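A.B. asks: Any chance you could fold what I've pasted below:
(one chain, ligands or ions: 3)
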Amino acid sequence: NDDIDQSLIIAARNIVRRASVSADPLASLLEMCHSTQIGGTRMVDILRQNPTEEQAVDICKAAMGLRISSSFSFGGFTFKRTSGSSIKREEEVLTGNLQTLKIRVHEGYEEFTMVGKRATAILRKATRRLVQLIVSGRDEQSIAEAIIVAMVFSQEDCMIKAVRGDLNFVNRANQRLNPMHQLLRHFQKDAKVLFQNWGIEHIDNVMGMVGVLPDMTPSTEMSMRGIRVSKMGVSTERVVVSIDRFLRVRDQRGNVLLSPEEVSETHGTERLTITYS
Ligand SMILES: O=C(O)[C@H]1[C@H]2CC[C@H](CC2)[C@@H]1Nc1nc(-c2c[nH]c3ncc(F)cc23)ncc1F
Ligand SMILES: O=C(O)[C@H]1[C@H]2CC[C@H](CC2)[C@@H]1Nc1nc(-c2c[nH]c3ncc(F)cc23)ncc1F
Ligand code: NI
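C.D. replies: Numbers count the residues shown, from 1 in each chain. Ligands and ions are numbered 1, 2, ... in the order given. Below is the structure in question.
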């Protein structure tokens with residue numbers, strides 16, 4: 001049970017990475033899934049029975065019409081909506097380097113939990129606004145990673161304005177990343193202009209919680225607008241999802257739940273033998 005899961009993830013990640021470089025990735029992935037065995041059992045038979053929710057694995061499940069977790073993955077983090085709703089409106093925005101970006105802006109009030117491996121968070125947000133972020137983590141590194149993802153996800157104008165120079169990030173297949181991911185890789189290379197330009201505010205010490213400044217220094221006095229660090233940020237609903245040619249998994253409203261771009265780069269050595277085509 002434990003070894004099949006470890007091995008299935010490794011096989012799924014390899015398949016999505018190989019498929020993603022092909023002209024029609026969906027068809028490539030479907031080939032490899034149907035002609036791959038893990039410890040002697042067929043991979044499609046493992047997918048039908050195994051309950052693991054992982055980004056590469058869930059892309060493969062979707063590919064063959066299996067139900068998956070309704071969560072979505074942004075910046076490595078799993079997001080579950082705990083409350084509220086939104087609608088979608090495409091808008092042109094202008095970066096700090098005067099580059100147009102067409103963005104599907106979400107309009108509404110929504111509350112989510114973010115769960116990464118080294119940090120978790122509660123996010124509350126409105127139309128192009130971070131309302132509040134309560135974040136936990138292992139360290140300075142891991143906490144800042146979660147803050148950058150929440151800031152980009154919020155769609156705020158100060159985040160858009162803090163962009164410096166052009167955004168032409170590409171995937172392994174030489175195709176441009178879509179705008180939200182363009183923004184995310186930019187601020188993942190450097191979040192300094194982002195944090196400086198975000199804004200600061202006075203806070204009252206709720207015990208358990210602390211402020212954090214644009215240089216990541218804690219404080220009891222001030223914090224970055226909306227953001228508080230904490231010490232412990234507190235089950236699966238399977239649903240039908242869709243898949244396209246480029247392995248983008250979507251909900252019924254067309255929000256991208258998963259993609260090649262949200263599959264972890266970790267190479268790892270399988271515990272049960274994996275035989276490909
Ligand atoms: O995909 C498979 O491995 C099996 C299982 C899971 C999907 C189908 C239903 C059973 C598929 N069944 C069959 N596939 C195929 C088959 C040939 N090339 C393929 N490439 C991708 C694929 F996906 C299925 C196939 N041929 C006869 C079948 F009878
Ligand atoms: O809009 C999309 O197609 C994708 C890409 C950009 C961010 C998410 C992950 C990739 C997004 N997916 C999803 N977003 C959302 C979503 C709700 N409110 C939001 N506000 C801003 C935002 F940015 C995304 C959202 N819900 C479910 C999703 F599944
Ligand atoms: Ni994207």
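
A.B. asks: Number of residues surrounding residue 98?
C.D. replies: Neighbour count for residue 98, taken as other C-beta atoms under 10 Å: 8. Where you see a C-beta, it was placed from the backbone N, CA and C, and this is true even at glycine.

A.B. asks: ok, now residue 52?
C.D. replies: 15.

A.B. asks: same thing with the one 3 residues further on?
C.D. replies: A count of neighbours around residue 55, defined by other C-beta under 10 Å, yields 23.

A.B. asks: and if you look at residue 23?
C.D. replies: With other C-beta under 10 Å as criterion, residue 23 counts 8.

A.B. asks: so which helix or strand takes in it?
C.D. replies: Using DSSP states H and E, residue 23 sits within no helix or strand.

A.B. asks: how close does the closest residue to residue 194 other than its chain neighbours sit to residue 216?
C.D. replies: Residue nearest to residue 194 in three dimensions, not counting chain neighbours: residue 162, with 4.6 Å by C-beta to C-beta, 6 or more residues apart in numbering. Using C-beta to C-beta, to the nearest Å, residue 162 is found at 16 Å from residue 216.

A.B. asks: what about the two, which has more around it?
C.D. replies: Between residue 162 and residue 216, counted using other C-beta under 10 Å, residue 162 has the larger neighbour count: 22 against 16.

A.B. asks: Surely the more buried one and residue 151 touch.
C.D. replies: No: using C-beta atoms under 8 Å, residue 162 makes no contact with residue 151, being 9.0 Å away.

A.B. asks: Please enumerate the shared neighbours of these two.
C.D. replies: 187, 194, 198 (C-beta atoms under 8 Å, 6 or more residues apart in numbering).

A.B. asks: just how off-centre is stretch 264-277 within its chain?
C.D. replies: 22 Å (C-alpha atoms, centre = their mean, to the nearest Å).

A.B. asks: should've said stretch 134-145
C.D. replies: 16 Å.

A.B. asks: same thing with stretch 57-66?
C.D. replies: That offset, for stretch 57-66, works out to 18 Å (C-alpha atoms, centre = their mean).

A.B. asks: Identify the bridge partners of the residue nearest the centre of the chain.
C.D. replies: For the chain, the residue nearest the mean C-alpha position is residue 74 (1.3 Å; C-alpha atoms, centre = their mean). Beta-bridge partners recorded for residue 74 (DSSP bridges): residue 77.

A.B. asks: does it really touch residue 153, like I thought?
C.D. replies: Yes: between residue 74 and residue 153 there is a contact under C-beta under 8 Å: 6.0 Å.

A.B. asks: intersection of neighbour lists for these two?
C.D. replies: Joint contacts of residue 74 and residue 153 (C-beta under 8 Å, 6+ apart) are residue 180.

A.B. asks: Residue of the stretch 51-200 of the chain nearest ligand 1, please.
C.D. replies: Relative to ligand 1, the nearest point of the stretch 51-200 of the chain is residue 64 (5.9 Å; C-beta to the nearest ligand atom).

A.B. asks: so who does that residue touch?
C.D. replies: 30, 33, 44, 47.
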